[PDB]
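Undergrad: Provided herewith is a single structure, encoded as structure tokens, for subsequent inquiry.
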Amino acid sequence: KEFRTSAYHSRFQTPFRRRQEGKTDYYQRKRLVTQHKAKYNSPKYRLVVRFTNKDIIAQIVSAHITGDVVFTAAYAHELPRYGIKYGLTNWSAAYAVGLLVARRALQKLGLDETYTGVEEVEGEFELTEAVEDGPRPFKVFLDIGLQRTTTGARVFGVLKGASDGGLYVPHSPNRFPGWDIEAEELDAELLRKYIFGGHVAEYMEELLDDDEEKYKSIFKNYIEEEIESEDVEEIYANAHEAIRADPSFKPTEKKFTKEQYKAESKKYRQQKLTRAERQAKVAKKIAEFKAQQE
Amino acid sequence: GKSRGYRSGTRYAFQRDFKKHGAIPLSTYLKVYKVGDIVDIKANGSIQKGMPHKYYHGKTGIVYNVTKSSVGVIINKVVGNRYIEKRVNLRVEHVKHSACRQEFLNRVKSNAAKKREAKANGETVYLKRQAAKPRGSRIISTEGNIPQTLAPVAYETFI
Amino acid sequence: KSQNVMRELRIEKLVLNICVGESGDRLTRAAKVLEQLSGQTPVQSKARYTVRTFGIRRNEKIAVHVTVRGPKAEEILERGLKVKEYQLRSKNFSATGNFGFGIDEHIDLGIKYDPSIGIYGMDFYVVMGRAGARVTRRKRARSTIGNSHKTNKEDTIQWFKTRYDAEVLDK
Amino acid sequence: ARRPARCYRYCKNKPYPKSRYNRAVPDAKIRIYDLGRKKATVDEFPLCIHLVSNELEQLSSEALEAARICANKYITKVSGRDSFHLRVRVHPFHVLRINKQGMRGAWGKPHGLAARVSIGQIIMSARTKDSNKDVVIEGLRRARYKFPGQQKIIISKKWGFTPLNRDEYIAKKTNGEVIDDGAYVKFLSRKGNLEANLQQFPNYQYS
Amino acid sequence: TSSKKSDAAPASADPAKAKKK
RNA sequence: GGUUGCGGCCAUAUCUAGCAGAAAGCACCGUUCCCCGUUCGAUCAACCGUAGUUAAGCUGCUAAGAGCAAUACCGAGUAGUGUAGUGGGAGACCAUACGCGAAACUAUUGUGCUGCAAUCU
RNA sequence: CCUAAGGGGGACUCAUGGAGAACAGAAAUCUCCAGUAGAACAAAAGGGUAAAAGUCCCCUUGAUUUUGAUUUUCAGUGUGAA
RNA sequence: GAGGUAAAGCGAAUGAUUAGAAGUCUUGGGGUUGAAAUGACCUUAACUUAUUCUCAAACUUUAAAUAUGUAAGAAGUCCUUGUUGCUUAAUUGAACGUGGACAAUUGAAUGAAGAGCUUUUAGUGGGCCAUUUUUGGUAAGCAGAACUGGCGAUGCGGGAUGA
Ligand SMILES: [Mg+2]
Ligand SMILES: [Mg+2]
Ligand SMILES: [Mg+2]
Ligand SMILES: [Mg+2]
Ligand SMILES: [Mg+2]
Ligand SMILES: [Mg+2]
Ligand SMILES: [Mg+2]
Ligand SMILES: [Mg+2]
Ligand SMILES: [Mg+2]
Ligand SMILES: [Mg+2]
Ligand SMILES: [Mg+2]
Ligand SMILES: [Mg+2]
Ligand SMILES: [Mg+2]
Ligand SMILES: [Mg+2]
Ligand SMILES: [Mg+2]
Ligand SMILES: [Mg+2]
Ligand SMILES: [Mg+2]
Ligand SMILES: [Mg+2]
Ligand SMILES: [Mg+2]
Ligand SMILES: [Mg+2]
Ligand SMILES: [Mg+2]
Ligand SMILES: [Mg+2]
Ligand SMILES: [Mg+2]
Ligand SMILES: [Mg+2]
Ligand SMILES: [Mg+2]
Ligand SMILES: [Mg+2]
Ligand SMILES: [Mg+2]
Ligand SMILES: [Mg+2]
Ligand SMILES: [Mg+2]
Ligand SMILES: [Mg+2]
Ligand SMILES: [Mg+2]
Ligand SMILES: [Mg+2]
Ligand SMILES: [Mg+2]
Ligand SMILES: [Mg+2]
Ligand SMILES: [Mg+2]
Ligand SMILES: [Mg+2]
Ligand SMILES: [Mg+2]
Ligand SMILES: [Mg+2]
Ligand SMILES: [Mg+2]
Ligand SMILES: [Mg+2]
Ligand SMILES: [Mg+2]
Ligand SMILES: [Mg+2]
Ligand SMILES: [Mg+2]
Ligand SMILES: [Mg+2]
Ligand SMILES: [Mg+2]
């Protein structure tokens, strides 16, 4: 039997537009977003963490019926301003993006002097504690989307950065890199190693004395900047400081105006044929079919 | 053997709409219900907790209590020769704001607007609603519309 | 352009199946043969249901299979094509561009023979695919492959004839 | 054995068909609904004559079989087995029940089958040639005696078993909008794949 | 060890339909 | 206007087959020391952005396309139905009066719109 | 009837069809594609359910404690259940 | 707002069901052309495709009429800022409020021998009939339900006569 009948198409119920795209887990989305009905219009704030092939996107979002509204957003491509120009998808780049978004959100809110965070990153597990006789810390819930929960995943780098930046984000340390599952304690030394790019630096050192050709191809950008492993840590250590000095968002200066961009894109992309045009097409195809009348 | 269970006779009432089964669109969970809101009740068959009884499917009431995932609604039910106040705990999946408020709440504003502007012009305006009245006189032009005479048609079989 | 670099055919995976009809020592020895050939721990398949004629029952460990990818898959594939003397049939290629054959003795592949192990026949299947099959296998944003990029019987047959200098019969 | 037909004439009960709820149901006496030269083409038999019910009524399967046999016998005897195509247009899907202590536990058992027909519903249709009109009419008029109630013999305005009038059929035929399908025809559609539509109707004069 | 799949849901001995001539 | 992240309504958004896609983005793509998961680094994890590609994803256009959506001197004021009679008819049923009123069918049009943030020839 | 067939989390997708692989055949196991649920969810049926409520994996005991309000049956009493 | 009954539908799902037509490499068989070839053929039967006749209390995309829930203000709408141990990242909200504004067309029709409230007690707890809807039954001055109106409990004019 032919399966794909017209009745099959008639009775098919298409899923949600963004579920058929495979982008939103609506089970997890419902559990995250729904707010206690007795807290009425007070919103729950989400830390959306998304990884592209080249970029890390971290946004603080509250949801409404007309659509989500962004509070602040920090991207990984903002990092070159702070001194990290290469490896924009490290675990440490994730940490830097989390710290940046935390500082930027707190600047927007006004909680800068209060809730500085963990200023001396030693890799210990810590949660942003509320200040007595003061406003509660900005509460944010982690939204990892479709990305799998694994101990060592890069999303928890943004987690730790946001936690160290002063935001209150509830979490546990059994998914951080450096968690010993057999002896249920966190090796904070290894976590601190991962926070400041220690694994990448150790890879640089191990590859340079073993495969110099591969070290030359994999770590090109590092070679022309004459940046070795021993000053890798400094690249993050300064950047952290810079992130805390001026976490404000500076938009990129646009080489063209909005109208010029719109006109340029509007020049391409085909536009739909008029009804008369396709009627003429049908008439021509009918006439040109008369040549296989046999 | 007689059968009278809680969800007896709800085969079609509690069905999801055709081509609308599955996940709940999230506007249901983002709406905010306050005590005094008027809400329609429609049981969603896919959420069985906090589900209304089949009597309240299709009834409209007042929210009196708001909880984590549910609202308390006051319904007046006929029991013999009087009404009994019923207090039903319903999850917000079975509830939607009633559209009867928005019609009456707009007429209050419109009446208020009409009252102020006639007052601005130093004149009067009448705000009471009226039923549809019989139509007035009118003149039918026949230029291009001279009456065409019709007759009843003869009987035919078309099978 | 049909002559694009990313349209290059190449092996996705090779799956090795030994369906010994019983459970116990013989299936274990077939698994030993598979672990010898591939260097990877194979996985045993249980019968989905019971058939008395075949002497199998539901959840009885019947078959064993293993998946190999990369250079080792290529080495095993040509080692098995030598036993087939590089001659498959047209009937052997599926419409989705995958192909398979079955050897009858596992010592023809080129491994040491042990009287304790004995000889087991073996089933070979190669799964073909171009670059970009990750679209159909990734978690997020899963989609389908375009028609020109799809693998079919003809493209796989021509690629097999070119890359192995073998003959594809049709008896 | 069989009760008199007067016991089951009227649609007093809801429809009671064979189903998973009544299973020990006998078969209807009528099994064949198409007779005569049923492989004849549409163009061979232009004239259609109906036997129409003027009653909201039940006709037993036994009565349907008897009328079918009578009409077929007469028309093949008078005009030949290849001069007509007879079709019974009502199928008996309603199960009658019989009861026979007393009225306790009186739900009956299946007893027979009947077709529930409405007013104006066609019972029998006969497609034939024009010259065989007077024969076919008399074939149906005899069959009327096997049925209860009032039935009318009505000459159709349409060509054979088609839904088109005898003039619209000629128009759609000379316009290449009709093709044969064995005993029936297929009509051209101005919707869907243009190439498949054109392939199926080569003689279509487009305007 | 290795095996643990059967993402199906089977009945009893269910030699499936098939089983005919 | 294009693109991405997060969305609202949840097919005018889906399905099939073709064709096209500037910039950026996205994607495929390269690698396995490290966190991590597998029979299989295929999925998941990590690293590089370095060697390559728009072939595919994605986007747009095409189709007397299927489906879907909308409209109606379409069908049809039909079927049905509230109310009435000391209406017709042996009956089955039917007509009429004051009201309400479909579905199929047919024809035509259309094939996502849009919110927050970021980015771009 | 069930220490899971309860609870939480995670991964996967079921019935079925097509095309292929030694013995292997209508039915053993493997692979790709298709697959709106046509399966499965203890049980009778209905409803409900697809990144799940189904299959599989990991951890568990919320199948716990104190007593009120409420829904159904209703006399707006009880019991059961929620 | 809710509904899923009438009608309608089956070249829409499910289930039932009549007929041809064209196709395919498990064609299911009979006779071939066969030496076998299964390699074709004549045939019948299956399926597939586009069609066709007829159906459903325990089928259904659609979907009435009657009937049904809520609303049509002063206990309303709007403005400002007080209380709390609840809530928010908050100076956010929630609820209840102080103070201020909106005057008789104070926010549809129609009616209202006015509205509201309490206590106490009788009889009763065999029912039946008519229209319409309707179940069992061949049916019954039979048995059983739904809404209303009646008889019982009711005389009076008519139906000769009659709950
Ligand atoms: Mg999840
Ligand atoms: Mg019952
Ligand atoms: Mg419903
Ligand atoms: Mg429960
Ligand atoms: Mg009856
Ligand atoms: Mg009985
Ligand atoms: Mg008669
Ligand atoms: Mg580009
Ligand atoms: Mg890889
Ligand atoms: Mg990955
Ligand atoms: Mg492209
Ligand atoms: Mg169309
Ligand atoms: Mg009379
Ligand atoms: Mg009327
Ligand atoms: Mg319909
Ligand atoms: Mg569980
Ligand atoms: Mg889960
Ligand atoms: Mg698939
Ligand atoms: Mg039981
Ligand atoms: Mg369960
Ligand atoms: Mg207990
Ligand atoms: Mg218990
Ligand atoms: Mg009670
Ligand atoms: Mg109780
Ligand atoms: Mg309605
Ligand atoms: Mg019902
Ligand atoms: Mg009906
Ligand atoms: Mg059917
Ligand atoms: Mg009908
Ligand atoms: Mg409609
Ligand atoms: Mg209050
Ligand atoms: Mg009075
Ligand atoms: Mg008393
Ligand atoms: Mg008493
Ligand atoms: Mg008493
Ligand atoms: Mg008594
Ligand atoms: Mg009666
Ligand atoms: Mg009675
Ligand atoms: Mg009696
Ligand atoms: Mg009624
Ligand atoms: Mg009366
Ligand atoms: Mg009285
Ligand atoms: Mg009286
Ligand atoms: Mg008298
Ligand atoms: Mg008399």
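FYI, nothing fancy with the structure tokens labels: chains A, B, ... in order, residues from 1 per chain, ligands from 1 as they appear.
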Can you write out as CSV which residues of chain B fall within 8 Å of chain G, alongside each residue's closest atom pair and its distance in Å to one decimal, counting only C-alpha atoms (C1' of nucleotides) and ordering rows by chain and ascending residue number?

TA:
residue,atom,partner,partner_atom,distance
B:6,CA,G:72,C1',6.4
B:10,CA,G:47,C1',7.9
B:11,CA,G:47,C1',6.2
B:14,CA,G:47,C1',7.0
B:15,CA,G:47,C1',6.6
B:22,CA,G:49,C1',7.5
B:45,CA,G:48,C1',6.3
B:46,CA,G:48,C1',5.1
B:52,CA,G:71,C1',7.8
B:53,CA,G:71,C1',6.9
B:87,CA,G:70,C1',6.1
B:88,CA,G:71,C1',6.2
B:89,CA,G:70,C1',6.9

Undergrad: Could you tell me which residues of chain E sit within 9 Å of chain G when counting only C-alpha atoms (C1' of nucleotides), and give me the result as a list in words?

TA: residues 4, 5, 6, 7, 8, 9, 10, 15, 16, 17, 18, 19, 20 and 21 of chain E

Undergrad: Okay, now the selection with N, CA and C atoms, as an mmCIF file, in the first residue's frame?

TA:
data_model
loop_
_atom_site.group_PDB
_atom_site.id
_atom_site.type_symbol
_atom_site.label_atom_id
_atom_site.label_comp_id
_atom_site.auth_asym_id
_atom_site.auth_seq_id
_atom_site.Cartn_x
_atom_site.Cartn_y
_atom_site.Cartn_z
ATOM 1 N N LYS E 4 21.992 -5.672 26.705
ATOM 2 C CA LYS E 4 20.874 -4.854 27.182
ATOM 3 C C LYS E 4 20.059 -3.885 26.289
ATOM 4 N N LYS E 5 19.490 -4.259 25.105
ATOM 5 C CA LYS E 5 18.693 -3.263 24.392
ATOM 6 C C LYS E 5 17.245 -3.739 24.516
ATOM 7 N N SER E 6 16.563 -3.972 23.379
ATOM 8 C CA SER E 6 15.154 -4.288 23.118
ATOM 9 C C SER E 6 14.245 -3.090 23.405
ATOM 10 N N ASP E 7 14.375 -2.092 22.543
ATOM 11 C CA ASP E 7 13.606 -0.896 22.791
ATOM 12 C C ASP E 7 12.145 -1.112 22.458
ATOM 13 N N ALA E 8 11.795 -2.311 21.987
ATOM 14 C CA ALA E 8 10.446 -2.733 21.657
ATOM 15 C C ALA E 8 9.643 -3.031 22.916
ATOM 16 N N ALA E 9 8.369 -3.341 22.700
ATOM 17 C CA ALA E 9 7.488 -3.851 23.745
ATOM 18 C C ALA E 9 6.779 -5.091 23.220
ATOM 19 N N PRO E 10 7.296 -6.278 23.510
ATOM 20 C CA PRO E 10 6.709 -7.526 23.006
ATOM 21 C C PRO E 10 5.742 -8.143 24.007
ATOM 22 N N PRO E 15 5.688 -15.014 18.152
ATOM 23 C CA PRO E 15 6.531 -15.215 16.970
ATOM 24 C C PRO E 15 6.121 -14.276 15.851
ATOM 25 N N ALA E 16 5.512 -13.149 16.238
ATOM 26 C CA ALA E 16 5.081 -12.085 15.347
ATOM 27 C C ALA E 16 4.032 -12.673 14.423
ATOM 28 N N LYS E 17 3.417 -11.848 13.585
ATOM 29 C CA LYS E 17 2.510 -12.423 12.608
ATOM 30 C C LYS E 17 3.373 -13.231 11.650
ATOM 31 N N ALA E 18 3.601 -12.735 10.428
ATOM 32 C CA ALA E 18 4.479 -13.443 9.502
ATOM 33 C C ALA E 18 4.009 -14.888 9.471
ATOM 34 N N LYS E 19 4.627 -15.708 10.330
ATOM 35 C CA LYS E 19 4.419 -17.142 10.526
ATOM 36 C C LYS E 19 3.269 -17.712 9.698
ATOM 37 N N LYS E 20 3.397 -17.765 8.369
ATOM 38 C CA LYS E 20 2.318 -18.378 7.600
ATOM 39 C C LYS E 20 2.776 -19.302 6.475
ATOM 40 N N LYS E 21 2.093 -19.228 5.337
ATOM 41 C CA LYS E 21 2.507 -19.853 4.091
ATOM 42 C C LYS E 21 2.940 -18.827 3.054
#

Undergrad: Please identify the residues whose atoms come within 10 Å of ligand 20, using only C-alpha atoms (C1' of nucleotides) and all ligand atoms, and report them as a list in words.

TA: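 Protein and nucleic-acid residues within 10 Å of ligand 20: residues 4, 5, 6, 7, 41, 53 and 54 of chain G.
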
Undergrad: Let's have the selection written as a PDB file, in the first residue's frame, with C-alpha atoms (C1' of nucleotides).

TA:
ATOM      1  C1'   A G   4       8.217  -1.697  41.459  1.00  0.00           C
ATOM      2  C1'   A G   5       4.182  -2.072  37.696  1.00  0.00           C
ATOM      3  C1'   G G   6       5.657   3.644  43.211  1.00  0.00           C
ATOM      4  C1'   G G   7       9.112   8.301  43.042  1.00  0.00           C
ATOM      5  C1'   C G  41       1.307   1.637  29.439  1.00  0.00           C
ATOM      6  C1'   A G  53       3.251   8.320  30.732  1.00  0.00           C
ATOM      7  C1'   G G  54       6.103   3.741  26.180  1.00  0.00           C
TER       8        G G  54
END

Undergrad: Neighbouring residues of residue 106 in chain H were defined as those with any atom within 8 Å, considering only C-alpha atoms (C1' of nucleotides); residues of the same chain fewer than 2 positions away were excluded. Please report them as a PyMOL selection string.

TA: chain H and resi 73-74+103-104

Undergrad: Residues of the last selection are to be written out with N, CA, C and O atoms (P, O5', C5', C4', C3', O3' and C1' of nucleotides), as a PDB file, in the first residue's frame.

TA:
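Done, and the output landed in selection19.pdb:
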ATOM      1  P     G H  73     -25.464  46.247  35.911  1.00  0.00           P
ATOM      2  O5'   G H  73     -24.440  46.698  37.041  1.00  0.00           O
ATOM      3  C5'   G H  73     -23.615  45.750  37.705  1.00  0.00           C
ATOM      4  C4'   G H  73     -22.541  46.427  38.519  1.00  0.00           C
ATOM      5  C3'   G H  73     -23.022  47.477  39.515  1.00  0.00           C
ATOM      6  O3'   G H  73     -22.161  47.479  40.650  1.00  0.00           O
ATOM      7  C1'   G H  73     -21.652  48.521  37.893  1.00  0.00           C
ATOM      8  P     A H  74     -22.781  47.209  42.103  1.00  0.00           P
ATOM      9  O5'   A H  74     -21.816  48.029  43.055  1.00  0.00           O
ATOM     10  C5'   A H  74     -21.392  49.341  42.706  1.00  0.00           C
ATOM     11  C4'   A H  74     -21.471  50.283  43.874  1.00  0.00           C
ATOM     12  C3'   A H  74     -22.871  50.562  44.404  1.00  0.00           C
ATOM     13  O3'   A H  74     -22.890  50.762  45.828  1.00  0.00           O
ATOM     14  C1'   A H  74     -21.934  52.564  43.491  1.00  0.00           C
ATOM     15  P     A H 103     -20.230  63.617  36.898  1.00  0.00           P
ATOM     16  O5'   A H 103     -20.793  63.280  38.348  1.00  0.00           O
ATOM     17  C5'   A H 103     -21.973  63.917  38.834  1.00  0.00           C
ATOM     18  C4'   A H 103     -23.219  63.091  38.607  1.00  0.00           C
ATOM     19  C3'   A H 103     -24.526  63.880  38.617  1.00  0.00           C
ATOM     20  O3'   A H 103     -25.509  63.253  37.791  1.00  0.00           O
ATOM     21  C1'   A H 103     -24.513  62.392  40.447  1.00  0.00           C
ATOM     22  P     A H 104     -26.583  64.157  37.012  1.00  0.00           P
ATOM     23  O5'   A H 104     -27.874  64.017  37.945  1.00  0.00           O
ATOM     24  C5'   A H 104     -29.161  63.647  37.455  1.00  0.00           C
ATOM     25  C4'   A H 104     -29.305  62.167  37.178  1.00  0.00           C
ATOM     26  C3'   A H 104     -30.751  61.667  37.103  1.00  0.00           C
ATOM     27  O3'   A H 104     -30.850  60.656  36.109  1.00  0.00           O
ATOM     28  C1'   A H 104     -29.583  60.465  38.772  1.00  0.00           C
TER      29        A H 104
END

Undergrad: Select, as number ranges by chain, those residues of chain C with any atom no more than 12 Å from chain F (distances computed using only C-alpha atoms (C1' of nucleotides)).

TA: C: 1-9, 11-17, 31, 34-35, 38-45, 64-70, 72-73, 127, 129-151

Undergrad: Should the cut-off be 8 Å, what would the residue list for chain F against chain D look like, counting only C-alpha atoms (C1' of nucleotides), as number ranges by chain?

TA: F: 63-66, 92-93

Undergrad: Within 10 Å of chain A, which residues of chain F show up when using only C-alpha atoms (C1' of nucleotides), listed as a PyMOL selection string?

TA: chain F and resi 1-2+4-11+13-16+20-23+26-27+30-31+33-37+44-51+59-64+66-68+109+114-121

Undergrad: So which one's closest to chain A, B:28, B:48, B:3, B:130? Using only C-alpha atoms, please.

TA: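 Closest to chain A of all the choices is B:28.
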
Undergrad: Would you please extract all strand (DSSP E) residues from chain C, as assigned by DSSP on the backbone, and give them as a PyMOL selection string?

TA: chain C and resi 10-18+43-46+61-68+87-89+99-103+122-129+167-169

Undergrad: Please find the residues contacting ligand 28 at a distance of at most 8 Å between atoms, with only C-alpha atoms (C1' of nucleotides) and all ligand atoms counted, and report them as a list in words.

TA: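 Within the 8 Å cut-off, the matching residues are residues 10, 15 and 16 of chain H.
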
Undergrad: Name all residues at most 7 Å from range 17-20 of chain G (count only C-alpha atoms (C1' of nucleotides); drop same-chain ones fewer than 3 positions away) and give them as a CSV table (one decimal) with C-alpha atoms, in the first residue's frame.

TA:
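New file out.csv:
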chain,number,residue,atom,x,y,z
C,92,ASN,CA,24.0,-7.3,-2.7
C,93,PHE,CA,23.5,-3.5,-2.6
C,94,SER,CA,20.5,-1.9,-0.9
C,95,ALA,CA,18.6,1.0,-2.3
C,99,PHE,CA,26.1,-3.5,1.0

Undergrad: Using DSSP assignments from the backbone, pull out every residue in range 27-260 of chain A that falls under alpha helix (DSSP H) and give it to me as a PyMOL selection string.

TA: chain A and resi 27-33+79-82+91-109+155-164+188-195+198-208+212-218+220-224+232-245+258-260

Undergrad: As a PDB file with N, CA and C atoms (P, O5', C5', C4', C3', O3' and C1' of nucleotides), in the first residue's frame, please: the residues near residue 24 in chain G (cut-off 12 Å, only C-alpha atoms (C1' of nucleotides), same-chain neighbours under 3 positions excluded).

TA:
ATOM      1  N   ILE C  18      27.659 -12.653  13.948  1.00  0.00           N
ATOM      2  CA  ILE C  18      27.679 -14.117  13.993  1.00  0.00           C
ATOM      3  C   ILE C  18      26.438 -14.572  14.748  1.00  0.00           C
ATOM      4  N   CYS C  19      25.481 -15.146  14.018  1.00  0.00           N
ATOM      5  CA  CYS C  19      24.230 -15.644  14.593  1.00  0.00           C
ATOM      6  C   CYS C  19      24.297 -17.157  14.817  1.00  0.00           C
ATOM      7  N   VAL C  20      25.093 -17.553  15.809  1.00  0.00           N
ATOM      8  CA  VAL C  20      25.057 -18.933  16.285  1.00  0.00           C
ATOM      9  C   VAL C  20      23.701 -19.224  16.920  1.00  0.00           C
ATOM     10  N   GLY C  21      23.097 -20.345  16.531  1.00  0.00           N
ATOM     11  CA  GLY C  21      21.709 -20.638  16.838  1.00  0.00           C
ATOM     12  C   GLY C  21      21.409 -21.013  18.274  1.00  0.00           C
ATOM     13  N   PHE C  54      13.675 -23.296  15.717  1.00  0.00           N
ATOM     14  CA  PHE C  54      15.081 -22.930  15.725  1.00  0.00           C
ATOM     15  C   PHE C  54      15.766 -23.260  17.044  1.00  0.00           C
ATOM     16  N   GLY C 102      28.653 -12.467   3.093  1.00  0.00           N
ATOM     17  CA  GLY C 102      28.867 -13.360   4.217  1.00  0.00           C
ATOM     18  C   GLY C 102      29.950 -14.390   3.968  1.00  0.00           C
ATOM     19  N   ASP C 123      29.095 -12.800   9.075  1.00  0.00           N
ATOM     20  CA  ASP C 123      28.288 -11.941   8.231  1.00  0.00           C
ATOM     21  C   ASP C 123      28.890 -10.540   8.295  1.00  0.00           C
TER      22      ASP C 123
ATOM     23  P     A G  21      21.610  -9.741  -0.186  1.00  0.00           P
ATOM     24  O5'   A G  21      22.449  -9.950   1.145  1.00  0.00           O
ATOM     25  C5'   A G  21      23.786  -9.496   1.233  1.00  0.00           C
ATOM     26  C4'   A G  21      24.396  -9.873   2.556  1.00  0.00           C
ATOM     27  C3'   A G  21      24.207 -11.309   3.026  1.00  0.00           C
ATOM     28  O3'   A G  21      25.132 -12.205   2.427  1.00  0.00           O
ATOM     29  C1'   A G  21      23.685  -9.834   4.787  1.00  0.00           C
ATOM     30  P     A G  27      11.389 -14.687   6.730  1.00  0.00           P
ATOM     31  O5'   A G  27      10.862 -15.059   8.186  1.00  0.00           O
ATOM     32  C5'   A G  27      10.140 -14.136   8.984  1.00  0.00           C
ATOM     33  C4'   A G  27      10.011 -14.648  10.394  1.00  0.00           C
ATOM     34  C3'   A G  27      11.306 -15.097  11.050  1.00  0.00           C
ATOM     35  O3'   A G  27      12.036 -13.997  11.563  1.00  0.00           O
ATOM     36  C1'   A G  27       9.570 -16.657  11.504  1.00  0.00           C
ATOM     37  P     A G  28      13.612 -13.832  11.311  1.00  0.00           P
ATOM     38  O5'   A G  28      14.255 -14.744  12.444  1.00  0.00           O
ATOM     39  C5'   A G  28      13.672 -14.770  13.740  1.00  0.00           C
ATOM     40  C4'   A G  28      14.672 -15.068  14.823  1.00  0.00           C
ATOM     41  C3'   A G  28      15.951 -14.236  14.766  1.00  0.00           C
ATOM     42  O3'   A G  28      16.333 -13.837  16.081  1.00  0.00           O
ATOM     43  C1'   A G  28      16.484 -16.551  14.705  1.00  0.00           C
ATOM     44  P     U G  29      15.983 -12.339  16.560  1.00  0.00           P
ATOM     45  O5'   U G  29      17.347 -11.524  16.484  1.00  0.00           O
ATOM     46  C5'   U G  29      18.447 -11.826  17.327  1.00  0.00           C
ATOM     47  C4'   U G  29      19.749 -11.557  16.618  1.00  0.00           C
ATOM     48  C3'   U G  29      19.870 -10.194  15.957  1.00  0.00           C
ATOM     49  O3'   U G  29      20.207  -9.164  16.866  1.00  0.00           O
ATOM     50  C1'   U G  29      20.587 -11.861  14.449  1.00  0.00           C
TER      51        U G  29
END
